[PDB]
Amino acid sequence: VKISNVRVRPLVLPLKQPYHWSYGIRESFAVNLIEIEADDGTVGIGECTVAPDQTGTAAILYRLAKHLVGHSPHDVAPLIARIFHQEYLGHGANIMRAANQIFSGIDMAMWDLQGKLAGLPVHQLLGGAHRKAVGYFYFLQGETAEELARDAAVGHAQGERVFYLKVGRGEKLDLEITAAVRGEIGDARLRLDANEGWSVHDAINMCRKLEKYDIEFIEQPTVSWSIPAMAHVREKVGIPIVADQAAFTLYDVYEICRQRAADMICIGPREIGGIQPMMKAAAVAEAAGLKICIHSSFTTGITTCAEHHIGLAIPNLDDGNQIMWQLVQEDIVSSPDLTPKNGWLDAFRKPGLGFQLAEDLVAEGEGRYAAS
Amino acid sequence: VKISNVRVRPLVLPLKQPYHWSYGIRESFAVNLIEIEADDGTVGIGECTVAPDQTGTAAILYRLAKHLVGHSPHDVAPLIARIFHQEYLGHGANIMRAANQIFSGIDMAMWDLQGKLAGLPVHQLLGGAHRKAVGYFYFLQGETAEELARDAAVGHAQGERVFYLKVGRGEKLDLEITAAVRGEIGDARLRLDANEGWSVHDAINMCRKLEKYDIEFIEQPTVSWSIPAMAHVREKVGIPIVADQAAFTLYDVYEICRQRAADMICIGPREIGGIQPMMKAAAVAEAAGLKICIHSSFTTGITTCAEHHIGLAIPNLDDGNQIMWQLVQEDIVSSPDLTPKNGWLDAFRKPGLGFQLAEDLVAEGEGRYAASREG
Amino acid sequence: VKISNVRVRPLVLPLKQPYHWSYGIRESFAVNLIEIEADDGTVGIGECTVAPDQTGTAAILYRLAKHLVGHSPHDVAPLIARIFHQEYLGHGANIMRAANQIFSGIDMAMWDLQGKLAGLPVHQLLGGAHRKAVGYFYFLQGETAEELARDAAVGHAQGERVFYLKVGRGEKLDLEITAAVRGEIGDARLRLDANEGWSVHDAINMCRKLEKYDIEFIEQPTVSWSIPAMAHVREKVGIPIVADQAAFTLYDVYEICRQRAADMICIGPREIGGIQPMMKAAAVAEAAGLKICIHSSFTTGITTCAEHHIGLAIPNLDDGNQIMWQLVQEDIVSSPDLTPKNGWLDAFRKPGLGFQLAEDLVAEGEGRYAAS
Amino acid sequence: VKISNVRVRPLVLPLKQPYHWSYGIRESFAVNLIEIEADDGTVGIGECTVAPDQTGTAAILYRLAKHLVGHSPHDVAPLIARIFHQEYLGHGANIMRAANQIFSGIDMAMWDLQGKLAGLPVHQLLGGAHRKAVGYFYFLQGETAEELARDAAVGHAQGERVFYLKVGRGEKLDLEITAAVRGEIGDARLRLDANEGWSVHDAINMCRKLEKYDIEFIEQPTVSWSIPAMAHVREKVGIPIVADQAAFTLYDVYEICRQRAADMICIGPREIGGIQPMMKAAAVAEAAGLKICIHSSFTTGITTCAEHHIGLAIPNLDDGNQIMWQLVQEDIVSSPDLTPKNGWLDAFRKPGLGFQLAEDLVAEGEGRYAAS
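Chains as they are written, first to last, in the authors' numbering: chain H, 4 to 375; chain C, 4 to 378; chain F, 4 to 375; chain B, 4 to 375.
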């Protein structure tokens with residue numbers, strides 16, 4: 004079997020509700036699908052994030068994927084390495100993180116394809132599942148303490164086990180929203196995401212003031228480019244510190260480990276470059292006595308399935324992994340049901356990444372892209 | 004004064020001779036020019052490298068540059084910081100190196116604009132020139148020992164001072180071309196570029212075998228992603244080791260310094276994100292007792308001028324800086340003359356980056372780009 | 004355009020109230036102004052501190068400045084480097100901190116001149132402002148708890164945001180003044196300056212006893228000559244530690260960073276040698292994941308303006324920077340108004356450093372010097 | 004007995020021949036004598052270097068010295084500490100090196116006075132002499148290989164044991180002169196002063212190329228401000244590396260020791276602040292298993308005597324210490340004879356620093372100062 008075709012389909016998908024970010028409001032997510040068809044008709048599907056420009060990154064994704072035509076889906080590793088050396092390194096552009104953003108979709112598509120051709124779910128191509136179900140967090144939403152508390156109340160009543168709250172919104176508001184959320188979730192586990200928002204001394208003082216709320220850990224308190232700075236804060240504060248944006252590549256993971264810069268590493272396919280690279284990141288972390296928590300992205304149910312299979316295949320995995328498809332108004336995955344039950348998703352067993360796409364919703368997504 | 008327009012012009016320019024690399028030969032270089040126009044008619048010019056796709060990166064360069072319209076050329080630093088946070092970080096794309104590739108041309112053009120508005124060369128906007136001339140290396144060309152030695156012979160007779168030779172072509176050939184070049188340049192300085200080609204133990208053995216040829220230093224012997232691996236090699240071998248591809252961002256530079264991973268750092272605008280960022284990298288190196296050698300790229304005379312002014316402004320600078328405009332068949336810079344004499348280029352003094360573009364050659368470059376898009 | 008003349012004007016300026024220091028009370032500040040005139044008539048102005056002897060340092064400043072005559076104001080960096088090498092290093096006087104003290108004023112005047120010639124404020128010659136306003140602290144004054152509590156009440160009344168209190172006056176008094184000040188500022192931020200006054204074990208114990216008062220950070224608890232001693236205390240105490248006197252040169256900054264000896268670095272032009280060197284120090288701090296807080300000096304509004312533009316041009320800056328012109332009875336800067344509003348000074352935009360001097364007040368200052 | 008008066012005498016003394024430096028030729032140099040007189044008529048005499056301005060530094064020396072009036076010559080240590088805190092630290096001028104430059108002459112005079120009062124040589128006030136004589140180097144002079152070769156031949160003929168040659172004049176010339184010198188001194192010891200002139204990689208390559216000439220050590224190859232850079236070079240080269248300009252204060256010495264940055268430390272009274280400070284620096288080196296080599300300065304026989312007693316009193320001392328009085332046309336010390344014999348100067352036994360000044364030469368020196 005040989006890869007016969009590759010297609011890139013840019014999509015724009017509306018969110019259920021406005022997503023507040025650094026620069027205004029966000030009402031839709033955008034992804035670039037990558038479809039890899041084998042000569043026997045079987046198709047592997049994956050997707051990439053699109054920053055800084057969907058049209059530009061789509062062109063890049065297409066250019067890299069065309070190199071796969073005529074080759075074997077079972078040679079994904081050496082193929083990506085060659086394409087990387089040829090289109091990036093040979094030109095002096097040693098931008099591994101940026102390359103990873105693109106190869107992530109390519110890699111998940113190839114394994115989806117391999118799984119479909121073998122009639123096996125991806126995790127059974129990676130050594131087997133280390134758990135019967137992957138555990139996920141509860142991504143709280145809201146701009147005010149009242150809204151966040153209401154959301155936490157409902158989630159708690161629904162059986163959610165790991166609450167995820169973003170902070171770094173200023174000292175006063177941070178303590179108010181953290182107090183409000185804790186007030187509605189009893190003794191349940193609460194994790195805070197500082198999103199690189201604190202300087203070293205502010206991180207230390209905020210951790211001190213947040214301890215009283217029983218925080219499981221604080222994710223990426225400091226500017227991600229400095230692993231030493233993160234280590235500096237970790238060694239001083241009493242609340243565990245988890246690396247997120249500080250960890251993109253296999254090498255970043257290694258640096259974090261040897262410098263004992265974090266208590267756990269949160270990384271996903273988008274940062275490391277796919278499914279297989281995640282297993283390698285997981286191995287390094289395991290060797291250093293640390294666990295992996297899956298970091299997600301503003302994508303669709305496709306990434307959800309990939310991250311799910313990645314999770315099942317990793318022995319040293321957290322039980323409060325990230326998940327984001329629920330933010331989409333109409334997700335493009337028609338099956339399986341990606342809705343966690345009590346913060347768990349029992350192992351998916353269909354071939355490849357195990358999903359079916361809602362072609363009608365995908366078409367609408369392409370239409371919105373063309374519209375813009 | 005405020006920025007009124009921005010323009011991106013993708014170009015394809017032929018090379019004097021084919022450039023050999025890991026994947027066949029290369030017949031031309033591609034760059035994306037970025038023009039930034041102020042409401043008074045003044046125009047700043049810069050350029051960006053294009054990998055992995057010129058059309059895609061040109062689209063990204065344009066999108067970022069449009070954010071500048073309506074703002075001051077004198078606010079380049081905070082403007083870039085904001086654009087980076089908005090189009091990249093806010094979306095979870097913490098790809099500093101990739102972002103730097105694009106911002107390099109923007110920053111390049113911004114300082115050119117500032118210099119033209121003030122009527123001063125860029126280096127005098129950065130504190131003044133620390134030298135009367137920037138020193139450059141001699142990039143040897145050839146695939147065989149014979150061609151390389153002959154080129155070395157000529158360069159030496161012409162007064163070239165710092166020879167640059169690419170190695171990592173296998174032990175036998177590496178030692179053969181090195182010996183051959185050494186044999187034609189008397190006792191002149193010789194630098195070798197391993198181009199990330201050696202594993203740790205091979206790097207150690209190659210250095211041992213190359214020592215007899217009096218090597219000033221070997222550049223990036225190991226895979227660029229691992230700084231510890233480079234430090235590992237440096238501490239073991241007798242020939243000094245220079246960081247190249249391992250050093251892209253301000254943080255990479257700091258890591259190399261704190262780990263004493265290299266004896267000198269070779270970095271340029273394309274990697275760090277511009278002229279101003281280079282000043283920052285230079286300061287970190289200076290604080291660590293290290294010097295900066297400007298790393299160039301497959302670009303044009305526009306970058307040569309930017310790198311030239313960057314060089315004059317850096318106090319802790321090498322005198323064997325990289326230069327590449329000479330590889331282009333017909334470079335797009337009509338003035339000044341970028342040809343070094345005895346490996347030197349006396350300080351350029353015209354406003355901004357100091358160049359004049361050959362409009363017709365740029366147009367032809369635009370024409371080639373259009374052609375490459377017929378497919 | 005070239006520099007045609009240079010002149011040094013030693014001044015002695017009375018203070019609003021007595022200043023208490025380790026050896027009594029200071030009734031006035033003294034500065035040595037440095038004016039650099041271009042052949043077109045434009046004049047750049049800066050100032051230097053004068054210890055250990057105003058006459059002696061006035062003599063040095065003039066000798067160094069005279070080397071500028073005949074050269075371009077745009078070649079400030081290589082000029083200072085050459086002067087430093089010829090007048091200091093060539094004689095075996097590797098006294099970088101001492102030379103920085105003098106070059107601070109020179110560099111200050113050179114950029115003022117450059118800005119005036121270009122019609123642009125100094126921060127726009129340095130890349131642009133990274134904020135609309137620079138944030139400043141409230142320099143508390145008083146020798147007893149009652150006095151400090153009163154001054155604190157005044158500051159809180161006018162909306163100050165960051166209170167600065169000097170400690171190291173003995174355990175009993177330190178706790179009593181910190182308690183009284185905290186009692187007048189509600190939940191406002193409080194910073195303590197130990198002024199190199201504690202031994203390693205006393206610093207550890209005092210930090211422990213001061214924690215209850217919610218301290219943002221303690222500045223330079225240990226003797227400034229030992230970077231290791233400072234890191235030693237930082238790693239042990241719960242309150243963040245800020246380096247001040249330990250950081251004078253670019254290399255000192257790198258050492259503190261390299262050794263993670265401080266949580267933030269407080270440094271000013273007087274210590275590092277000017278405006279441009281501060282940019283370099285800030286870059287080193289930035290690469291290490293640390294921020295800069297501007298350390299001021301017993302000087303005039305001239306330095307305030309210089310420190311203001313430096314602050315605007317630094318991306319990684321604190322918002323409780325030091326300011327000292329308000330201590331002078333009649334500051335020599337006639338414009339602009341250097342009085343912060345709620346701890347802020349909106350960006351100055353006039354050419355160069357942006358100030359105009361009250362020649363009458365300067366002439367008076369020269370008179371007091373001549374009198375002494 | 005208390006100090007009754009202090010006087011500062013600026014001198015300018017011609018050299019035997021032009022001294023070549025970075026900025027041309029130096030045909031003479033200056034010193035600021037400091038005489039401390041006790042109420043019983045006894046007078047202690049010391050001297051200070053004058054960079055960056057003799058008049059300015061003379062004024063500084065006078066201001067600091069007046070503080071000694073009315074106090075005991077036996078309280079030199081606590082007196083200098085107070086003056087330092089009062090005139091420097093209390094004003095935020097933590098310029099220890101600059102202060103040491105001045106205090107060096109003061110301490111020098113105080114121990115000379117203490118010696119004369121007790122009728123004992125200074126080394127016998129410091130614990131006793133650890134050797135019968137102090138070993139000194141042969142300061143080679145010349146600008147070309149031929150001149151250096153002839154001077155070396157002269158030195159060898161008269162029994163010199165330790166040759167000191169300045170390099171860093173470019174690879175070709177450095178190699179030429181070193182070969183030239185080696186060919187005239189047989190197997191004698193040869194030391195090379197790189198004088199902060201090499202970058203890290205140049206230092207490494209030059210040491211390799213100079214190795215064939217049998218070099219005892221290379222002094223300060225890299226910029227003095229970076230101790231890490233010096234350790235970096237030391238760890239790579241085969242020739243021992245000696246710290247010089249990198250070591251000025253007690254703290255610099257400790258840092259060099261702590262970091263194993265040098266194989267020996269070359270430091271003198273001008274850098275550390277006097278005679279007694281040298282004893283402390285020597286103790287730190289000793290505790291670290293390192294030896295001290297006396298670094299001299301462009302001074303007169305007075306400093307030679309001060310450094311001589313310092314040498315006798317240090318147990319962990321080198322035998323190729325620096326000496327510079329021989330460069331002066333008419334040294335101001337009329338006795339003892341400071342001319343080394345086979346590179347040795349037997350222990351001086353006269354009271355204090357044990358010298359007598361040629362009144363007439365000093366007066367003429369005061370004349371030249373006035374004339375300049």
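Cβ coordinates follow ideal geometry from the N, Cα and C atoms, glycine included.
- Counting only Cβ-Cβ distances below 7 Å, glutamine 223/C has no contacts in chain H at all, with the closest Cβ about 10 Å away.
- Judged by their CB atoms, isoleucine 105/F and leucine 67/F are nearer to each other than the 7 Å cut-off.
- Looking at the DSSP output, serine 338/F sits in a beta bridge with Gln359/F.
- For a Cβ distance threshold of 9 Å, nothing in chain F lies close to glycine 158/B: the least Cβ distance comes to about 23 Å.
- Under the three-pair Cβ rule at 8 Å, the stretch 80-100 of chain B does not count as touching the stretch 263-272 of chain B.
- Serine 75/H sits away from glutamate 40/H, with the two beta carbons spaced by 7 Å or more.
- As a beta-bridge residue in DSSP terms, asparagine 324/H pairs with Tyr139/H.
- Excluding its 5 nearest sequence neighbours in each direction, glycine 122/B has C-beta neighbours in its own chain below 7 Å: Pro354, listed in chain order.
- Residue state for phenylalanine 220/H is assigned as strand, using DSSP reduced to three classes.
- By the rule that beta-carbons nearer than 7 Å mark a contact, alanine 290/F does not touch chain B.
- A residue is called buried once 16 or more other Cβ atoms fall within 10 Å of its Cβ, and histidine 312/B is buried on that count.
- Per DSSP, the unbroken alpha helix (DSSP H) holding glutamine 104/H starts and ends at 99-121.
- Taking the Cα of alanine 285/B as reference, the smallest distance to any Cα among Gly59/B, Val170/B, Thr303/B and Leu315/B is reached at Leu315/B.
- Here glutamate 333/F is exposed, its C-beta having fewer than 16 other C-beta atoms within 10 Å.
- Legend: CB atoms of the stretch 87-117 of chain C lying less than 7 Å from CB atoms of chain B are not found in any residue.
- The beta-carbon distance between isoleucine 83/H and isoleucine 37/H, rounded to whole angstroms, is 12 Å. This is too long to meet the 8 Å contact definition.
- Look at the stretch 165-246 of chain B and you find these whole runs of alpha helix (DSSP H), each 4 residues long or longer: 174-185, 203-213 and 230-239.
- Taking a 10 Å sphere around the C-beta of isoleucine 275/B, we find 16 or more other C-beta atoms and assign the residue as buried.
- When Cβ-Cβ separations below 7 Å define contact, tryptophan 328/B makes no contact with chain F.
- Between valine 287/H and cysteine 260/H a beta carbon distance of about 6 Å is seen, short of the 8 Å cut, so the two are scored as contacting.
- Under a 10 Å Cβ-count criterion, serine 25/H is classified as exposed, with fewer than 16 other Cβ atoms of the shown protein chains found around its own Cβ.
- Following the DSSP letters along the chain, one finds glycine 27/F in no alpha helix (DSSP H) but inside the beta strand (DSSP E) bounded by residues 27-41.
- According to DSSP, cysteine 51/H shares a beta bridge with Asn35/H.
- Taking the CA atoms as reference points, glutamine 329/C sits about 13 Å from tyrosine 22/C.
- Proximity of the stretch 135-145 of chain H to the stretch 170-178 of chain H falls short of the contact definition, fewer than three beta-carbon pairs being nearer than 8 Å.
- The Cβ atoms of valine 34/F and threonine 302/F lie closer than 7 Å to each other.
- Among the residues of the stretch 206-217 of chain B, those with a Cβ less than 8 Å away from any Cβ of chain C are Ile207, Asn208 and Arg211, in the order of the chain.
- Residues of the same chain with a CB within less than 7 Å of the CB of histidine 235/H, apart from the 5 flanking positions on each side, are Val203 in chain order.
- Our two residues, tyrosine 139/F and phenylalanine 351/F, have alpha carbons roughly 15 Å apart in a direct line.
- Closest in alpha carbon position to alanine 374/F, among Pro280/F, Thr58/F, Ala80/F and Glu163/F, is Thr58/F.
- In terms of Cα proximity to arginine 192/H, the closest of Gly346/H, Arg29/H and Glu362/H is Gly346/H.
- Its Cα nearest to that of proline 13/F, the residue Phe32/F stands out among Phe32/F, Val4/F, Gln20/F and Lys5/F.
- Inter-segment contact for the stretch 209-219 of chain F and the stretch 247-254 of chain F is absent: fewer than three beta-carbon pairs are separated by less than 8 Å.
- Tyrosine 22/H has a beta carbon lying at 7 Å or more from every beta carbon in chain C.
- As computed with DSSP, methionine 267/F is found in a beta bridge with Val245/F.
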